[PDB]
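My questions will all concern the structure given below.
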Amino acid sequence: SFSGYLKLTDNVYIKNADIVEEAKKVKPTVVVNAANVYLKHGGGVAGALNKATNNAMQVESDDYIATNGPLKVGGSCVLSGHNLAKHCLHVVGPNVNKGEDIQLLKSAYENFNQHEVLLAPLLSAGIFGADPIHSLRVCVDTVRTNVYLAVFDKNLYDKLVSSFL
Ligand SMILES: CS(=O)(=O)NCC1CCNCC1
C-alpha cells in the first residue's frame, strides 16, 4: 500500500512525491487527475499523467468529450487509470488563472468522497493558480474518504506541513 506519508488528519495523508512515480509504484484503485473541463491534458499534473500513459489517457479523454461534452468546473468523471491506476478520477478544480471561482474548490473535492481511497494532487494548485495552503485546508475540511496527497515540490511540501493547522 502507500508508504512514507505524513498523517495530517484521520483520513488525509501527504507526501513529497511525483504523483506519476507514486502511481506507477502503488497502482492505486484511483489516481486523481487535475483535469480541465475539456480533458485536454497539456501541462501540470494532467500533462505528466497523460505523458506517462503514452497519450492513451488523452485518446480516451477525447472520445469521452466527443460523446459527453465538457465537464463542469467542480465536476469529475471516472475513466481508465491505464498503466497508473485501476481508474483515473478526472476532477476539475477552478483555474484562478482563467478567472474561475475559487468557491468551486469545495465542490471539486466532494468528488473524492465517492471513492474509498485515492492518490491525488492538491486541486487548483500549481498552474491552476490557487493557494495550495488553501487547497489543503479545503481538502481536509471536505474529503471524508482516505486521500493520499502527492506534492511534487519539496519546498511547497515543507511549507504545507509546517503551516498545517
Ligand atoms: C492502495 S488502494 O487501496 O488504492 N488499492 C488497493 C490494492 C493495492 C494497490 N494496488 C491496487 C489494489
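Residue numbers count from 1 along this sequence. Whatever order the structure lists ligands and atoms in, that order sets their numbers, starting from 1.
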Q: For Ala120, check side chain to side chain contact (heavy atoms under 4.5 Å, CB included) against everything at least two apart and list the hits.
A: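 For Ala120 the side chain to side chain contact (heavy atoms under 4.5 Å, CB included) partners, ignoring immediate neighbours, are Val32, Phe112, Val147, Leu149.
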Q) In the hydrophobic cluster built from side-chain contacts under 4.5 Å, what are the other members alongside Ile19? A)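 Under the 4.5 Å side-chain rule, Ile19 groups with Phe2, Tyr5, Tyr13, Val20, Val26, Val31, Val45, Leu49, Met57, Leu84, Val117, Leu119, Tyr148.
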Q. Got the residues with a heavy atom under 4.0 Å of ligand 1, by chain and number?
A.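 Ligand 1 pocket, heavy atoms under 4.0 Å: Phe2, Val26, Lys27, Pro28, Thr29, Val117.
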Q: Evaluate the side-chain proximity of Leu6 to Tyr157: yes if any heavy-atom separation is below 4.5 Å, no if none is.
A: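 A side-chain contact exists here, since the closest heavy-atom pair is under 4.5 Å.
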Q. Is the closest basic N to carboxylate O distance between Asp62 and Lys40 below 4.0 Å?
A.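 Salt bridge between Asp62 and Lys40, a charged N being under 4.0 Å from a carboxylate O: yes.
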Q. Shortest non-hydrogen contact from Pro132 to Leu122?
A.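 Nearest pair, atom of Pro132 first, then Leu122: O-CD1, 3.9 Å.
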Q. Can you pull the side chain to side chain donor-acceptor pair (under 3.5 Å) pairs that have at least one residue in residues 107-123, sequence neighbours excluded?
A.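 Counting only pairs at least two positions apart or across chains, the side chain to side chain donor-acceptor pair (under 3.5 Å) contacts touching residues 107-123 are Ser76-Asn111, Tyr109-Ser135.
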